[PDB]
Structure formats: C-alpha cells, structure tokens
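We begin with a single chain expressed as structure tokens, specifically the form deposited in one PDB entry.
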C-alpha cells in the first residue's frame, strides 16, 4: 500500500473517513458529527450527502484534495477475498488488518438494521469506525466498505457497504 492511499484516511468526528477522490469522502454514519453546520469548513449546502444505513458519502462542490486522483468505489467487497482495513491509531501508527470477507446482508448495528458485510480477521476498537476496507485490483487500489462494527469476541468485523440489497439468498 502506497503512502498516498494512507493519506486518504482522515480523522473525522468520533472515527475516520476516506477520500475516494478530490471531492468524495466516505465514512460510517454513526461517527458523523450531528450538531454541525460545516464539514471540513464547507457549509452543508455545498455538500451532496448520501446516507444509506451505516454508509455515508459526501460529495463536495470544492476540490478538497486536489492532490488525489479518483479511485473506484465498489458496492461491497468481493466475497471470499482478503481485503485490508486501513486503521490509523492515535499515536500515528499504521495498522493494516487483513480480513477474509464473507456474505453481504442486513445486520443490526447501533440498534438499526443496515446493509453490511462480515469478515474474519486474519484487533479493532470502537474508535476505528470509518476506516476503509480496500483491496488491490491490478496495479490499483479499490475501496469497498467502511468499518462499522465487530463482535466482542473480536474475530469478526463488519463494514458498511454502499449497496447490499439481495446479495445472498436462502436456499
């Protein structure tokens, strides 16, 4: 993972967010500041906000990170593949966690049913919410979720995904 990729990982509210491009920022809904009128110094009327369950996307009118190129945002992580949760700790330490992704479905997070995807850690803390789930496709990195939750057991984590509707079916 290149430094640029990590530079997209940004402290935000009670957790983290991720610059997908110069104008697009994704994060986990429950970490988003609630009493505010600006994000990153931009008034809400300047920002297109799409929230689906625990997945929140901001598109700013202004180029917030013109140093960045856009990258692909997938609708969920590829089931069965190893992704990395790009965790930054408060000391500055980089803690990428490898995770084997499982099924996409509805899960109860923060007392609400939301589209999510479980994964097995190959640990995280509450402050890690918003950290991106990414994987490499070709020579490029792709982002597919943002950290939402974990079992007390610790071994399983859940990311919120942009669109999970009907990804797994009863047989």
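Only residues modelled in both forms are compared. Numbering follows the first chain given and starts at 1. Between two forms, the rigid core is the largest collection of C-alphas that superpose within 1.5 Å.
Keep in mind that the form solved in complex with a small molecule is not shown, yet the notes after this line are about it.
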| query | finding |
| --- | --- |
| Partner-contacting position among 64, 26, 114, 134 - heavy atom within 4.5 Å of the small molecule in the deposited bound form | 114 |
| Heavy atom within 4.5 Å of the small molecule in the deposited bound form - residue from 49, 125, 36, 122 | 125 |
| Touches the small molecule in the deposited bound form: residue 146 (any heavy atom, 4.5 Å) | no |
| is_contact(residue 158, the small molecule) in the deposited bound form, heavy atom dist at most 4.5 Å | yes |
| Residue contact check: residue 20 to the small molecule in the deposited bound form, 4.5 Å heavy atom | no |
| Non-hydrogen atom contact residue 109 with the small molecule in the deposited bound form at 4.5 angstroms | yes |
| Partner-facing stretch of 39-47, 125-133, 138-146, 64-72, counted where any non-hydrogen atom is within 4.5 angstroms of the small molecule in the deposited bound form | 125-133 |
| Sole residue of 61, 69, 51, 110 shifting 2 angstroms or more in CA between this form and the one not shown, core aligned | 110 |
| Taking the rigid core as reference, consecutive runs of 3 or more residues that move 2 angstroms or more in Cα between this form and the one not shown | 107-111 |
